[PDB]
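Shown next: query18.cif, containing mmCIF, C-alpha atoms.
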data_work
#
loop_
_atom_site.group_PDB
_atom_site.id
_atom_site.type_symbol
_atom_site.label_atom_id
_atom_site.label_comp_id
_atom_site.auth_asym_id
_atom_site.auth_seq_id
_atom_site.Cartn_x
_atom_site.Cartn_y
_atom_site.Cartn_z
ATOM 1 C CA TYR S 1 -8.531 1.913 -0.989
ATOM 2 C CA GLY S 2 -8.773 4.993 1.233
ATOM 3 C CA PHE S 3 -6.709 7.658 -0.546
ATOM 4 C CA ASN S 4 -8.788 10.851 -0.414
ATOM 5 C CA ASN S 5 -6.498 13.816 -1.180
ATOM 6 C CA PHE S 6 -3.300 15.594 -0.155
ATOM 7 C CA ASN S 7 -2.758 18.230 2.544
ATOM 8 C CA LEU S 8 0.097 20.602 1.531
ATOM 9 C CA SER S 9 0.830 24.328 0.934
ATOM 10 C CA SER S 10 -0.606 26.285 -2.038
ATOM 11 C CA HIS S 11 2.769 26.335 -3.913
ATOM 12 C CA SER S 12 3.569 22.675 -3.052
ATOM 13 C CA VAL S 13 3.801 20.480 -6.193
ATOM 14 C CA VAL S 14 3.377 16.708 -5.638
ATOM 15 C CA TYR S 15 5.030 14.045 -7.805
ATOM 16 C CA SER S 16 5.239 10.234 -7.869
ATOM 17 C CA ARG S 17 8.618 8.486 -7.298
ATOM 18 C CA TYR S 18 7.254 4.950 -8.004
ATOM 19 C CA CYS S 19 3.933 3.855 -9.505
ATOM 20 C CA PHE S 20 2.479 0.388 -8.923
ATOM 21 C CA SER S 21 0.051 -1.300 -11.318
ATOM 22 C CA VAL S 22 -2.399 -3.788 -9.806
ATOM 23 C CA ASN S 23 -5.049 -6.105 -11.195
ATOM 24 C CA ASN S 24 -8.787 -5.647 -10.707
ATOM 25 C CA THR S 25 -8.721 -8.523 -8.187
ATOM 26 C CA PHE S 26 -6.052 -6.913 -5.987
ATOM 27 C CA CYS S 27 -7.008 -6.000 -2.428
ATOM 28 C CA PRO S 28 -4.520 -5.016 0.310
ATOM 29 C CA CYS S 29 -6.785 -6.110 3.189
ATOM 30 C CA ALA S 30 -6.203 -9.574 4.629
ATOM 31 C CA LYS S 31 -9.010 -12.026 5.314
ATOM 32 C CA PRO S 32 -10.613 -11.513 8.757
ATOM 33 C CA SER S 33 -10.683 -15.280 9.321
ATOM 34 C CA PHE S 34 -6.969 -15.590 8.534
ATOM 35 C CA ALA S 35 -6.128 -12.685 10.852
ATOM 36 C CA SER S 36 -8.240 -14.235 13.615
ATOM 37 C CA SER S 37 -6.343 -17.495 13.111
ATOM 38 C CA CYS S 38 -3.087 -15.541 13.432
ATOM 39 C CA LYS S 39 -1.625 -14.961 16.891
ATOM 40 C CA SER S 40 1.908 -13.648 16.188
ATOM 41 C CA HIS S 41 2.535 -10.818 13.707
ATOM 42 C CA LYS S 42 -1.167 -10.705 12.878
ATOM 43 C CA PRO S 43 -1.743 -8.725 9.663
ATOM 44 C CA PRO S 44 -4.564 -6.165 9.618
ATOM 45 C CA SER S 45 -7.819 -7.386 8.105
ATOM 46 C CA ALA S 46 -10.889 -5.822 6.512
ATOM 47 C CA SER S 47 -13.765 -6.829 4.251
ATOM 48 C CA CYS S 48 -12.395 -6.691 0.715
ATOM 49 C CA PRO S 49 -14.624 -5.636 -2.195
ATOM 50 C CA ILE S 50 -16.468 -8.472 -3.900
ATOM 51 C CA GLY S 51 -14.438 -10.166 -6.619
ATOM 52 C CA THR S 52 -11.056 -9.063 -5.230
ATOM 53 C CA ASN S 53 -8.472 -11.441 -3.784
ATOM 54 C CA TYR S 54 -7.418 -10.715 -0.211
ATOM 55 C CA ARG S 55 -3.891 -9.842 0.897
ATOM 56 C CA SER S 56 -1.497 -12.725 0.278
ATOM 57 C CA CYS S 57 -0.429 -14.239 3.600
ATOM 58 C CA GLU S 58 0.864 -17.591 4.831
ATOM 59 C CA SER S 59 1.028 -19.399 8.173
ATOM 60 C CA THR S 60 4.307 -20.984 9.287
ATOM 61 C CA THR S 61 5.376 -22.423 12.642
ATOM 62 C CA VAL S 62 8.253 -20.155 13.713
ATOM 63 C CA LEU S 63 9.877 -20.012 17.171
ATOM 64 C CA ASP S 64 7.607 -22.618 18.815
ATOM 65 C CA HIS S 65 4.496 -20.779 17.581
ATOM 66 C CA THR S 66 1.667 -22.588 15.805
ATOM 67 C CA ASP S 67 -0.052 -19.709 13.962
ATOM 68 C CA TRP S 68 2.767 -17.295 13.157
ATOM 69 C CA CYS S 69 1.782 -15.530 9.940
ATOM 70 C CA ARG S 70 3.933 -14.214 7.090
ATOM 71 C CA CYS S 71 2.634 -11.935 4.342
ATOM 72 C CA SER S 72 3.802 -10.600 0.991
ATOM 73 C CA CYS S 73 4.907 -7.040 0.148
ATOM 74 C CA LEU S 74 6.979 -6.894 3.301
ATOM 75 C CA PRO S 75 7.948 -4.487 4.739
ATOM 76 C CA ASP S 76 6.563 -2.251 1.973
ATOM 77 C CA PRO S 77 5.732 -3.004 -1.679
ATOM 78 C CA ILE S 78 8.385 -0.548 -2.906
ATOM 79 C CA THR S 79 11.145 -2.327 -0.946
ATOM 80 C CA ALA S 80 9.557 -5.783 -0.906
ATOM 81 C CA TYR S 81 11.961 -8.697 -0.520
ATOM 82 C CA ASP S 82 10.415 -10.356 -3.593
ATOM 83 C CA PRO S 83 8.234 -8.519 -6.147
ATOM 84 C CA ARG S 84 6.930 -11.850 -7.484
ATOM 85 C CA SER S 85 4.780 -12.502 -4.408
ATOM 86 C CA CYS S 86 3.720 -8.864 -4.008
ATOM 87 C CA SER S 87 0.502 -8.013 -5.841
ATOM 88 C CA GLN S 88 1.750 -4.496 -6.695
ATOM 89 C CA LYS S 89 3.894 -4.505 -9.845
ATOM 90 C CA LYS S 90 6.329 -1.729 -10.721
ATOM 91 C CA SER S 91 5.582 -0.310 -14.169
ATOM 92 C CA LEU S 92 6.768 2.818 -15.953
ATOM 93 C CA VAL S 93 4.068 5.233 -17.082
ATOM 94 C CA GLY S 94 3.270 5.026 -20.776
ATOM 95 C CA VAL S 95 3.141 7.902 -23.271
ATOM 96 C CA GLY S 96 0.097 10.026 -22.381
ATOM 97 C CA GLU S 97 -0.750 7.982 -19.278
ATOM 98 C CA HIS S 98 -0.989 9.045 -15.640
ATOM 99 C CA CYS S 99 0.504 7.244 -12.640
ATOM 100 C CA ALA S 100 -0.446 3.608 -12.109
ATOM 101 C CA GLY S 101 -0.720 4.126 -8.350
ATOM 102 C CA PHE S 102 1.167 4.925 -5.158
ATOM 103 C CA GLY S 103 2.812 2.132 -3.214
ATOM 104 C CA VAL S 104 0.293 1.437 -0.456
ATOM 105 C CA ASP S 105 1.498 -0.039 2.836
ATOM 106 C CA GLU S 106 -0.744 -3.095 3.169
ATOM 107 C CA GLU S 107 0.246 -3.365 6.850
ATOM 108 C CA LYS S 108 -1.781 -0.198 7.558
ATOM 109 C CA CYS S 109 -4.911 -1.071 5.554
ATOM 110 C CA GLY S 110 -7.880 -1.620 7.836
ATOM 111 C CA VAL S 111 -7.557 -2.315 11.541
ATOM 112 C CA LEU S 112 -5.891 -5.148 13.445
ATOM 113 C CA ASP S 113 -9.115 -7.088 14.110
ATOM 114 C CA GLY S 114 -11.320 -5.849 11.279
ATOM 115 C CA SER S 115 -14.257 -8.166 10.647
ATOM 116 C CA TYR S 116 -16.455 -8.342 7.536
ATOM 117 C CA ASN S 117 -18.600 -5.447 8.822
ATOM 118 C CA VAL S 118 -15.983 -2.769 8.000
ATOM 119 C CA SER S 119 -14.957 -1.790 4.482
ATOM 120 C CA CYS S 120 -11.411 -2.278 3.216
ATOM 121 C CA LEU S 121 -9.440 0.974 3.311
ATOM 122 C CA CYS S 122 -5.920 2.220 3.978
ATOM 123 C CA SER S 123 -4.621 5.232 5.868
ATOM 124 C CA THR S 124 -3.161 8.263 4.108
ATOM 125 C CA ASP S 125 0.390 7.592 5.323
ATOM 126 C CA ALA S 126 0.227 4.035 3.945
ATOM 127 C CA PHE S 127 0.502 5.370 0.373
ATOM 128 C CA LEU S 128 4.237 5.732 -0.263
ATOM 129 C CA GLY S 129 6.247 6.432 -3.407
ATOM 130 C CA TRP S 130 5.373 10.153 -3.571
ATOM 131 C CA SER S 131 7.349 13.325 -2.724
ATOM 132 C CA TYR S 132 6.780 17.085 -3.185
ATOM 133 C CA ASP S 133 8.682 20.298 -3.947
ATOM 134 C CA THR S 134 7.944 24.054 -4.369
ATOM 135 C CA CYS S 135 7.748 25.749 -7.822
ATOM 136 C CA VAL S 136 8.418 29.409 -6.754
ATOM 137 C CA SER S 137 11.458 31.133 -8.379
ATOM 138 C CA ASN S 138 11.865 34.992 -8.487
ATOM 139 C CA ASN S 139 8.235 35.187 -7.103
ATOM 140 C CA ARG S 140 7.033 33.233 -10.231
ATOM 141 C CA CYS S 141 5.916 29.565 -10.430
ATOM 142 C CA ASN S 142 7.861 27.602 -13.104
ATOM 143 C CA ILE S 143 5.475 25.699 -15.472
ATOM 144 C CA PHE S 144 6.239 23.347 -18.414
#
Rewrite the structure from the file as structure tokens, please.
Amino acid sequence: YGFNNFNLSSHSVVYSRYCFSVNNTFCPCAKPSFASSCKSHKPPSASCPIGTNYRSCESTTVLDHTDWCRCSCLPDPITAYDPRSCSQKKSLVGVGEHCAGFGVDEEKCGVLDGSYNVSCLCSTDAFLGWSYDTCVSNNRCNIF
């Protein structure tokens, strides 16, 4: 979903704060038709991969509007108001297992009016839940 690599100093060591496990049918991009139907707080949309469910969103009439749209994982999956609706589930890493995945901001995946002609992807800054620090002490990198 768009994560390519990091861009940090040579001695910069990255680490995950929170890892999110998702199903094979998860997709952070909303349906282009639903976004087109939206007129207030329109979520970004993009063509999701085949066999993956689009971003969970709902339409509710709020403040005299007729197509005001609410979505899950708001504002971000890490600090979502309700993890039940969010498709990203917090899960501790098992013994001998790597990170499940960074918390991706589904509000930055794709563009505002992405149709089915553009692939589903998210920007680099959308992936949260990571931090970094240096390893240099006495001109030596600490390693475990």
| field | Shortest interatomic distance to residue 46 of chain S - which of S:132, S:3, S:34, S:127, counting all atoms listed in the file | value | S:34
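Across the model, the gap from atom CA of residue 102 of chain S to atom CA of residue 117 of chain S is 26.3 Å.
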| message | Under the rule that all atoms listed in the file are counted, which of S:28, S:54, S:131, S:93 is the nearest residue to residue 2 of chain S? | response | S:28
| query | By how many Å are atom CA of residue 16 of chain S and atom CA of residue 104 of chain S apart? | reply |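 For atom CA of residue 16 of chain S relative to atom CA of residue 104 of chain S, the distance reads 12.5 Å.
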| Which residue out of S:140, S:39, S:108, S:90 has the minimum interatomic distance to residue 75 of chain S when only C-alpha atoms are used? |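 Ranked by minimum distance to residue 75 of chain S, first place goes to S:108.
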| task | Could you jot down the atom CA of residue 7 of chain S to atom CA of residue 76 of chain S separation for me, Å, one decimal place? | result |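 Between these atoms lies a distance of 22.5 Å.
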| query | Closest to residue 112 of chain S among S:1, S:6, S:96, S:36, using all atoms listed in the file? | reply |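 Smallest separation from residue 112 of chain S among the options: S:36.
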| query | Taking the file as shown, what set of residues would the PyMOL selection byres ((chain S and resi 120) around 12) give back, as a PyMOL selection string? | reply | chain S and resi 1-3+26-32+44-50+52-55+106+108-112+114-119+121-123
Keeping only C-alpha atoms, write the selected residues to a file as a short mmCIF file (atom, residue, chain, number, x, y, z; two decimals), keeping the file's coordinate frame.
data_model
loop_
_atom_site.label_atom_id
_atom_site.label_comp_id
_atom_site.auth_asym_id
_atom_site.auth_seq_id
_atom_site.Cartn_x
_atom_site.Cartn_y
_atom_site.Cartn_z
CA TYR S 1 -8.53 1.91 -0.99
CA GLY S 2 -8.77 4.99 1.23
CA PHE S 3 -6.71 7.66 -0.55
CA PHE S 26 -6.05 -6.91 -5.99
CA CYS S 27 -7.01 -6.00 -2.43
CA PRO S 28 -4.52 -5.02 0.31
CA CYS S 29 -6.78 -6.11 3.19
CA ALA S 30 -6.20 -9.57 4.63
CA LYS S 31 -9.01 -12.03 5.31
CA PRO S 32 -10.61 -11.51 8.76
CA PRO S 44 -4.56 -6.16 9.62
CA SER S 45 -7.82 -7.39 8.10
CA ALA S 46 -10.89 -5.82 6.51
CA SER S 47 -13.76 -6.83 4.25
CA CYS S 48 -12.40 -6.69 0.72
CA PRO S 49 -14.62 -5.64 -2.19
CA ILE S 50 -16.47 -8.47 -3.90
CA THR S 52 -11.06 -9.06 -5.23
CA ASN S 53 -8.47 -11.44 -3.78
CA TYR S 54 -7.42 -10.72 -0.21
CA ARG S 55 -3.89 -9.84 0.90
CA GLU S 106 -0.74 -3.10 3.17
CA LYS S 108 -1.78 -0.20 7.56
CA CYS S 109 -4.91 -1.07 5.55
CA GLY S 110 -7.88 -1.62 7.84
CA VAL S 111 -7.56 -2.32 11.54
CA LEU S 112 -5.89 -5.15 13.44
CA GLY S 114 -11.32 -5.85 11.28
CA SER S 115 -14.26 -8.17 10.65
CA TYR S 116 -16.45 -8.34 7.54
CA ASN S 117 -18.60 -5.45 8.82
CA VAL S 118 -15.98 -2.77 8.00
CA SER S 119 -14.96 -1.79 4.48
CA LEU S 121 -9.44 0.97 3.31
CA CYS S 122 -5.92 2.22 3.98
CA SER S 123 -4.62 5.23 5.87
#
| Quick one: of S:113, S:125, S:73, S:143, who's nearest to residue 33 of chain S, counting only C-alpha atoms? | S:113
| query | From the list S:51, S:100, S:67, S:89, which residue is nearest residue 24 of chain S when using all atoms listed in the file? | reply |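 Counting all atoms listed in the file, the residue closest to residue 24 of chain S is S:51.
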| request: Find the residues around residue 68 of chain S up to 8 Å (only C-alpha atoms counted), leave out those fewer than 5 positions away in its own chain, and share them as JSON, numbers by chain. | output: {"S": [38, 39, 40, 41, 42, 59, 60, 61, 62]}
| task | Kindly resolve the PyMOL selection byres ((chain S and resi 13) around 7) on the present coordinates and return the residues as JSON, numbers by chain. | result | {"S": [11, 12, 14, 15, 132, 133, 134, 135]}
| request: Run the PyMOL selection byres ((chain S and resi 20) around 10) on the file and write out the hits as a ChimeraX atom specification. | output: /S:18-19,21-22,77-78,87-93,99-104,129
Box for segment 126-129 of chain S - axis-aligned, 8 Å on each of the six sides, all listed atoms - centre and size in Å to one decimal, as AutoDock Vina command-line options.
--center_x 3.2 --center_y 5.2 --center_z 0.3 --size_x 22.0 --size_y 18.4 --size_z 23.4
